[PDB]
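Participant: Chains as they are written, first to last, in the authors' numbering: chain Y, 346 to 395; chain A, 297 to 395; chain B, 346 to 444; chain F, 73 to 99; chain V, 94 to 99; chain U, 78 to 99; chain D, 544 to 592; chain H, 2 to 33, 68 to 1088.
All C-beta atoms, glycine included, are put in the ideal place defined by N, C-alpha and C.
Let me give you the structure first, and then I'll get to my questions.
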Amino acid sequence: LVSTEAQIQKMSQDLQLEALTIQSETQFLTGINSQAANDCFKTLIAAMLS
Amino acid sequence: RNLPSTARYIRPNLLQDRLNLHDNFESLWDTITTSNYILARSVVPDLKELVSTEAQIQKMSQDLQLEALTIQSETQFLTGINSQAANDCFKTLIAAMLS
Amino acid sequence: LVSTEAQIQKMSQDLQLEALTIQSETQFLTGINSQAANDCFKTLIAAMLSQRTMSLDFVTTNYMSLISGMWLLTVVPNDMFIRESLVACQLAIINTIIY
Amino acid sequence: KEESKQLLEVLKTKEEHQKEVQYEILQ
Amino acid sequence: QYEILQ
Amino acid sequence: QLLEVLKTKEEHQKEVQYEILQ
Amino acid sequence: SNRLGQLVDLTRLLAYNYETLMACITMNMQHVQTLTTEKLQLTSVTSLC
Amino acid sequence: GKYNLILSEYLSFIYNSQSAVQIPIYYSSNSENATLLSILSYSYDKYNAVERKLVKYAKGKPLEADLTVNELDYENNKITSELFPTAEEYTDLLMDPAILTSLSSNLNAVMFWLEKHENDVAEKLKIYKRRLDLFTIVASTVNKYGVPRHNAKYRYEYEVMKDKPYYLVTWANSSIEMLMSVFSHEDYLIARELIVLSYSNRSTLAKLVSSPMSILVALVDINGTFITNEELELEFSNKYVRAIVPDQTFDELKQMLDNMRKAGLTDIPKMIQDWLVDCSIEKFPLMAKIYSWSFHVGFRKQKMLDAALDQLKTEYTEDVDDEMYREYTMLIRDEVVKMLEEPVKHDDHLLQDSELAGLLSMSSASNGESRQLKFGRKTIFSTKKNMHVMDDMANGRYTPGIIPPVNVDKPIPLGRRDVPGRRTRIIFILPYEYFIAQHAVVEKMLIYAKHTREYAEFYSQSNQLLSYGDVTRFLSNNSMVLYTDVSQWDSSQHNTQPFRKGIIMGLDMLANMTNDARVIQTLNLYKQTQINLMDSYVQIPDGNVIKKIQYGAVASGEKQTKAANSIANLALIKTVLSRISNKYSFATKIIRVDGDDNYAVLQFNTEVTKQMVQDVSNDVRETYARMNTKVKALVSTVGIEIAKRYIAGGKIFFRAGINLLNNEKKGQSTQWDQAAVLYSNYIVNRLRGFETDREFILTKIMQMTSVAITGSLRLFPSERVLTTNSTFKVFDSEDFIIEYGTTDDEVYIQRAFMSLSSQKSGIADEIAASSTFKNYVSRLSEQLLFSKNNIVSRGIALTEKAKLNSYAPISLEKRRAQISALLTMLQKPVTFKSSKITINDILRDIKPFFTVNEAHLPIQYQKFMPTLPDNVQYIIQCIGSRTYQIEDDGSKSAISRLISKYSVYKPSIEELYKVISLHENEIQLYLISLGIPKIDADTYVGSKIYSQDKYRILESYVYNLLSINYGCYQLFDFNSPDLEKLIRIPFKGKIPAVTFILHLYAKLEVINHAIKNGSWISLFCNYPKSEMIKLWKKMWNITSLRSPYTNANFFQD
RNA sequence: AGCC
């Protein structure tokens, strides 16, 4: 996979999330890691075959 | 059950008021329509399954772009938003029209 | 008779009362024991050999106890039930299922 | 005693607990 | 010493 | 010697690099 | 609707015990509307079918 | 200062001789208007101090004990020589008060009060004449047999209790606790029957008085109620619900009042007799007064065989209906599949290592057996379970796969836990491998219970109107509530075979849903603890012999017993409500289970009458009895008894039975820590309707906090030592107010208690250098991560140092060194100089910028708790009760959602606060020591979401410092629209950390001003921009003062 | 000197 500390650091600059205000762009990064990709790729293929 | 042919009952006399207590009797009409206001308040149903307050202000604080930790002091938009005052307003709008 | 543990696990996983969008009460499957199968069999013959009229008690929320009331009206003659309860049993069928 | 048994004759006589006497006027 | 009570 | 004692605060590492504003 | 072979089997039996017990009836079977009724719960009709 | 005036007046009473002198020690904040630290006392003539002043209060006739009112022979008040013939067989454990305060100390605390109030005015005279008529009974009974002189550790030997009655000490302790709570004439008539009759009737007095409270909460009409929404938020609804009661309840309440007249109570059954004519809520606090006073009789300490005989001897039959047990086993099977469906399909990391999940959290387990261990050269005896692992991991015996049998060869030892007025409950003492297997699976059962409507972990908050407020939200005139009291829940027949085979059948449908080789293993070991407990023998010692009794049922003291007992109720009350629906037609609104006390709200078609209440109650205790579970079926229309809370007529009533001067187990505390347990058991009983005198409590803190170094010298600390916000806090100046002092000599002493807040212990530093502790740390670093790092291993080895503070002798070498180092500061008035930011240093900078004015607020809300004191009921009626609970657990943050998922540790909020304000590469060095991988801790640091997580940790840390969610501040609404009209602070943006603390401190100063005086004030703080930036740099370096005995002061039960 |  793309290295998670090298992808989420490029992602967090394009959002330009400010450290002070409650905005709807701090929730763009919740729950992205290596394990959630390997369990969504399986449950898409394995549900289609069944 | 189906009642027999020998069952009797007494009918009340429901004819409207002949005194006209709303005409120039203003201290007797105020205490006869407070009585119908409290009785109509114990009948109108109360709200269950309201949206929770903390899951509503946090959704409301993203549209206004408030600061962190000071959602109550930065704007006075979010004041007095409870579930106690949601049920209180629905009761006092239905019971004020019925009495 | 069939096993009560078998007819409940088939019926409570087809109807699926635990995953509807109405969450104001704990829905589960009531009244499908094996003492009511004998009690409904005896009441339905003994109030037919003696010509005793029968009333119907039900709840409109439970549609499984209302769908299976269609089998009651097509076998037992509707001259048996008291008319204010026969009407209210076949009005809740059309207003909630058929119409 | 007669004082303790008279409570159980008053406690059912009072009207703030009595309800639905009219299925027994027909019976 | 033990006393068994089953 | 706990780990919360050894790691230096933000105000300590702001003093090894000196500059004057004006 | 799937219980069909076991729901025809009720009414062939429910109307046979009524039919063979009615032969042991001596008084006239008059039919008028009585005062007190006997309560059927429709939850127990589901437990029979 | 009022405690300093009673302290100087006390020493002029207990030392009547001329040779006693008192030297007050003062100090000041300056070098050269001073507050005093302590009071010295040199007194030499100290023999026979209490036995000489007792004779002037010993009038009247002594109490003659009745010896034919108890069934057993060793529960009567006989002479100890008539009961225990020789000194070799003398068991102290039947009358032991288990508090470090003797009877000769409790008699001086009353005889000091009776001298201060000997000549008062005509209102406070009637209180003195009521507390003197009761003390004549207590003094004339003790003075006949003399006063027993205690031991050096406050026990009572055989040679001092030889010619006295056996329960003379533990009766004179509880009767002094009762006569110091008499305020009215109604309280005097109750205290006279519970003092005279308690001298002989040590078995069935707390049961007869506390019996009719489950019935009397069903007769009081409802006129206006508090309800709760579906999400737990408060609402006020003013419906009118009439109370319907059948004619067999009054034929049962008459039976409960004739059992109270056989025992001799003739004036307590006259108050219940005269209340039943009205059945009103305005006289109901008299009926909860009698229920609260009945728990102060005392504990029923018995022999272990004699109290576990009716529990372990049951009649199991095969004449149950087996058609009802198939649905009961199937409904338990359907829950365990429903709870562990999502953590088994998606293979969670917490289940994949259940061996490591139980090892790092074994400080939450109960104490095991007493076993001999060897730590280097030392030999210690310990009952903590994580000390048993360190000895078993060294000698080559740690096998967590092999689970030991509990059959007739190796039985289960038994421990007890009792409550006055109830029966006793037995507690299993299981091995340490029944905790490792049953921890990672039970923790996945208690996350489903926190999101399901029918369990008790959903309605578990700090407040008490939001938790137990769902009782009355479905109440109307066509519904009824059905609360049943199962008598013996632990050993019923529905719990032995069908409950253990319903869980085993549910773990076999979860061995086909997964594909890992680890998740099949941790679901097989949790299955293995159920087959071994299917046939379990118990071990009860009596006399010489040791009895082995077969016991296949469910007791407490297990790990699953809080989450698997809640499944067996929701499967048993679902089967009974399906058998009762053949006679009636209803719709079950709610079912809610909490262990073995539950309720269910049934909604009917027609209106509820008096015949549908008598015939549903006869179909609950006849359907339960078909399953061999005998119950007391109770149905009501207005009020119930949910667990120890009594919701009667719209108001909620608690019990106030907490024994102050007695205890049920010999605690492992000092006197300084038990002088704060004694105060915090007085604040709890004052908020629930049992008002003890304050001046008797403040006298008991004087006699417990003092510590002597010589037999002639005494040191009594002053008010400013005990009341200040430090480690050594005991009580507060005003009762329900937590005050943070702001004076130049009050911050000077709080920093002076910062040196000796951390002491070292000579036992834990010798264990931590031993070979078997290093072997335990080394084998935890192997399983926690596959690599080896020097940073994580010192981070592990210094984490089990704090785990040894749960050990009782190690936690006593610290606290005995706290008080012995305080004595060198109370004698030498000069202290040391240091600077460290506390919460009082922040409030020094905020307080001179607040301007107060007078203001008024009209009453708008009503009261739902009518036993609260008068100054707290003025706050609730003016700003309102709490609507919704703000969380301070911190799990809504993004770092506490990463720690809990990827590791098994749980860090304190005082640990997450210190590390969230550092640089990027300092959060990395800390997160690896928790067990998080390097690739995950590089993601959270490199995402810069820690910058938006700084304000979610500081919000939940300041709520922990000021104690807003706990204490007595958990009743007032803080987001109310009636406190914002008093707080007028202009807004200055861009600094959220300072603006948050300006509004949380102004909300507390208005509340703390209206409890002290009863009048409201309004605040105004035009804070400058040049003082906000100076306070901004001190909001992150704030340090808290944590104490072990203060963490129990946040919860009530 | 140690869960009495």
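From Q646/H to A668/H, what distance separates their C-alpha atoms?
Facilitator: Position 611 of the eighth sequence, counted from the first residue, corresponds to residue 646/H. Position 633 of the eighth sequence, counted from the first residue, corresponds to residue 668/H. Approximately 15 Å between the Cα atoms of the pair.
Participant: Are the CB atoms of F1086/H and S998/H nearer to each other than 8 Å?
Facilitator: Translated into the one-based positions of the eighth sequence, residue 1086/H becomes position 1051. Translated into the one-based positions of the eighth sequence, residue 998/H becomes position 963. For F1086/H and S998/H, no; Cβs fall outside 8 Å.
Participant: For residue 1098/H, which option in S671/H, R690/H, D222/H and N663/H has the closest C-alpha, if you only look at C-alpha atoms?
Facilitator: Here chain H covers residues 2 to 1088 and nothing more, so residue 1098/H does not appear.
Participant: Spell out the partners DSSP gives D402/B in its beta bridges.
Facilitator: Position 57 of the third sequence, counted from the first residue, corresponds to residue 402/B. Answer is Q584/D, bridged to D402/B.
Participant: Listed in chain order, which residues of the segment 569-589 of chain D have Cβ atoms closer than 7 Å to some Cβ of chain H?
Facilitator: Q584, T586 and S587
Participant: Please identify, using Cβ separations under 7 Å, the residues of the segment 368-380 of chain B that lie next to chain A, in order along the chain.
Facilitator: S369
Participant: Mind reading off the beta-carbon distance from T375/A to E270/H? Whole number of angstroms is fine, and I expect it under 8 Å.
Facilitator: As a working note, residue 375/A is residue 79 in the second sequence. As a working note, residue 270/H is residue 235 in the eighth sequence. Actually they are not in contact, since the Cβ atoms of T375/A and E270/H sit about 19 Å apart, beyond 8 Å.
Participant: Are three or more beta carbon pairs between the segment 282-297 of chain H and the segment 688-708 of chain H nearer than 8 Å?
Facilitator: no
Participant: If I'm right that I464/H touches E404/H with Cβ under 8 Å, what's the distance once you round it to whole angstroms?
Facilitator: Along the eighth sequence, one-based indexing puts residue 464/H at 429. Along the eighth sequence, one-based indexing puts residue 404/H at 369. Confirmed, Cβ separation roughly 6 Å.
Participant: Could you name the residues that DSSP lists as bridge partners for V22/H?
Facilitator: To locate residue 22/H, count along the eighth sequence from 1; it is residue 21. Partner(s): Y77/H.
Participant: Looking at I963/H and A1045/H, is the spacing between their C-beta atoms short of 8 Å?
Facilitator: Your numbering for residue 1045/H matches position 1010 in the eighth sequence. Your numbering for residue 963/H matches position 928 in the eighth sequence. No.
Participant: Counting along the chain, where does the alpha helix (DSSP H) carrying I854/H start and finish?
Facilitator: If you number the eighth sequence from 1, residue 854/H lands on position 819. Note, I854/H: alpha helix (DSSP H), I845 to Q862.
Participant: By the 10 Å Cβ neighbour count, where 16 or more other Cβ atoms means buried, how is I566/H classified, buried or exposed?
Facilitator: If you number the eighth sequence from 1, residue 566/H lands on position 531. Per the 10 Å Cβ criterion, exposed.
Participant: Helix, strand or coil: how does DSSP classify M339/H here?
Facilitator: Within the eighth sequence, residue 339/H is the residue found at index 304, counting from 1. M339/H carries a helical assignment under DSSP once its states are collapsed to helix, strand and coil.
Participant: Fully enclosed by the segment 268-348 of chain H, which beta strand (DSSP E) runs are 3 residues long or longer?
Facilitator: 269-276
Participant: For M339/H versus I575/H, is the C-beta distance shorter than 8 Å?
Facilitator: Within the eighth sequence, the letter at position 304 stands for residue 339/H. Within the eighth sequence, the letter at position 540 stands for residue 575/H. Yes, they are a contact pair.
Participant: Rounded to the nearest angstrom, what separates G181/H and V217/H at their Cα positions?
Facilitator: Position 146 of the eighth sequence holds residue 181/H. Position 182 of the eighth sequence holds residue 217/H. Cα to Cα, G181/H sits roughly 26 Å from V217/H.
Participant: For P533/H, name the three-state secondary structure that DSSP assigns.
Facilitator: Counting from 1 along the eighth sequence, the entry for residue 533/H is found at position 498. If DSSP states are grouped into helix, strand and coil, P533/H belongs with the helices.
Participant: Below 8 Å on the Cβ atoms is my contact criterion, and I expect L98/H with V231/H to pass it. Report the Cβ-Cβ distance as a whole number of Å.
Facilitator: Start at 1 with the first residue of the eighth sequence, and residue 98/H comes out as number 63. Start at 1 with the first residue of the eighth sequence, and residue 231/H comes out as number 196. Taking a contact as a CB-CB distance under 8 Å, the pair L98/H and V231/H counts as one, their CB atoms being some 7 Å apart.
Participant: Would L80/F pass as an interface residue toward chain H - the criterion being a Cβ-Cβ separation below 8 Å?
Facilitator: Counted from its first residue, the fourth sequence places residue 80/F at position 8. It does; some Cβ of chain H falls within 8 Å.
Participant: Hey, out of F416/H, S9/H and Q595/H, whose CA is closest to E478/H's CA?
Facilitator: Residue numbering aside, residue 478/H sits at position 443 when the eighth sequence is read from its first letter. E478/H has its Cα closest to that of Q595/H, out of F416/H, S9/H and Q595/H.
Participant: Taking Cβ-Cβ distances shorter than 7 Å, what residues in chain D pair up with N617/H?
Facilitator: On the eighth sequence, residue 617/H is found 582 positions in, with the first residue counted as 1. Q584 and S587, listed in chain order.
Participant: Residues of chain H with CB under 8 Å from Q99/U, in chain order?
Facilitator: Residue numbering aside, residue 99/U sits at position 22 when the sixth sequence is read from its first letter. Near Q99/U there are no residues of chain H at all, since even the closest Cβ is about 19 Å away, more than 8 Å.
Participant: With DSSP as the reference, label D383/H as helix, strand or coil.
Facilitator: One-based indexing of the eighth sequence puts residue 383/H at position 348. Of the three classes helix, strand and coil, the one that applies to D383/H here is coil, per DSSP.
Participant: Residues of the segment 445-468 of chain H in Cβ contact with chain V at a cutoff of 7 Å, in chain order, please.
Facilitator: none
Participant: Quick check on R428/B: does DSSP put it in helix, strand or coil?
Facilitator: Counting from 1 along the third sequence, the entry for residue 428/B is found at position 83. Looking at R428/B - three-state DSSP - the assignment turns out to be helix.
Participant: Tell me which residue opens and which closes the alpha helix (DSSP H) that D629/H is part of.
Facilitator: The residue labelled residue 629/H in the question sits at position 594 within the eighth sequence. Element bounds for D629/H: not the alpha helix (DSSP H) but the beta strand (DSSP E), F621 to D629.
Participant: Looking at the C-beta of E489/H, does it have a partner C-beta in chain B at a distance below 8 Å?
Facilitator: Locating residue 489/H in the eighth sequence gives position 454, counting from the first residue. Yes - at least one Cβ of chain B is within 8 Å of the one on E489/H.
Participant: Cutting at 6 Å between CB atoms, please list the residues of its own chain near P132/H, excluding the five before and the five after it.
Facilitator: Reading the eighth sequence from its first residue, position 97 is the one you call residue 132/H. The residues are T205, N208 and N697.
Participant: Run through DSSP, which three-state label would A635/H get?
Facilitator: As a first step, residue 635/H is located in the eighth sequence; it is residue number 600 there, counting from the start. Correct three-state label for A635/H: strand.
Participant: If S601/H and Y483/H are in contact, beta carbons under 8 Å, what's the gap, nearest whole angstrom?
Facilitator: Here residue 601/H refers to the residue found at position 566 when the eighth sequence is read from its first residue. Here residue 483/H refers to the residue found at position 448 when the eighth sequence is read from its first residue. At roughly 11 Å, the Cβ-Cβ gap does not stay under 8 Å, so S601/H and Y483/H are not in contact.
Participant: Can you tell me whether DSSP reads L135/H as helix, strand or coil?
Facilitator: As a working note, residue 135/H is residue 100 in the eighth sequence. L135/H falls in the coil class under three-state DSSP.
Participant: At what residues does the alpha helix (DSSP H) containing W1071/H begin and finish?
Facilitator: Locating residue 1071/H in the eighth sequence gives position 1036, counting from the first residue. Premise fails: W1071/H is in no alpha helix (DSSP H) and is neither H nor E.
Participant: Which residues mark the beginning and the end of the beta strand (DSSP E) in which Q573/D is found?
Facilitator: For the purposes of this step, residue 573/D is taken as residue 30 along the seventh sequence, with counting starting at 1. Careful: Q573/D lies outside any beta strand (DSSP E) and carries neither H nor E.
Participant: Looking at the structure shown, is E158/H part of a helix, part of a strand, or coil, going by DSSP?
Facilitator: In the eighth sequence, the residue the question calls residue 158/H occupies position 123. The DSSP-derived three-state label of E158/H is coil.
Participant: Assuming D426/H and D551/H make a contact with CB atoms under 8 Å, what is their CB distance in whole Å?
Facilitator: As a position in the eighth sequence, residue 426/H is number 391, starting the count at 1. As a position in the eighth sequence, residue 551/H is number 516, starting the count at 1. 32 Å between Cβ atoms; not a contact.
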